[PDB]
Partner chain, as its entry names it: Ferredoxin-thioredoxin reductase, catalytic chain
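One chain comes next, on its own, written out as structure tokens in the form solved without its partner chain.
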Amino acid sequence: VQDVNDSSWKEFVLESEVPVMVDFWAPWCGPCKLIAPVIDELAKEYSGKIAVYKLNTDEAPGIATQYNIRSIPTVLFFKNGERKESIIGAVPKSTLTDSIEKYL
């Protein structure tokens, strides 16, 4: 999964032509490791249909501040430049797929 930061956010996320799923994580976050596999898998499965990125809050806090993200793991969904939904915690693959499906 491609990393996204403060400098590529507008381009990669806000100007995307397809729905975007963003995974907010950090090296010290334990539960984050549990969803990492699920994120990579979904990115592959929906290639060409959605864009997936991961944002390390340690290196791009500016974005976390913009959307008022205060806890991780957090998964955000964007579509046409707008934040459509926020999910906190170790989300199961099935729940993420339900969301991906509604934005398609």
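Residue numbers count along the first chain shown, from 1.
The next section is about a form of this same protein that is not shown, the form deposited with its partner chain bound.
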| query | finding |
| --- | --- |
| In the entry with it bound, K49 touching its partner chain (heavy atom, 4.5 Å) | no |
| Contact test in the entry with it bound: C29 vs its partner chain, heavy atoms, 4.5 Å | yes |
| Residue contact check: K44 to its partner chain in the entry with it bound, 4.5 Å heavy atom | no |
| Touches its partner chain in the entry with it bound: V75 (any heavy atom, 4.5 Å) | no |
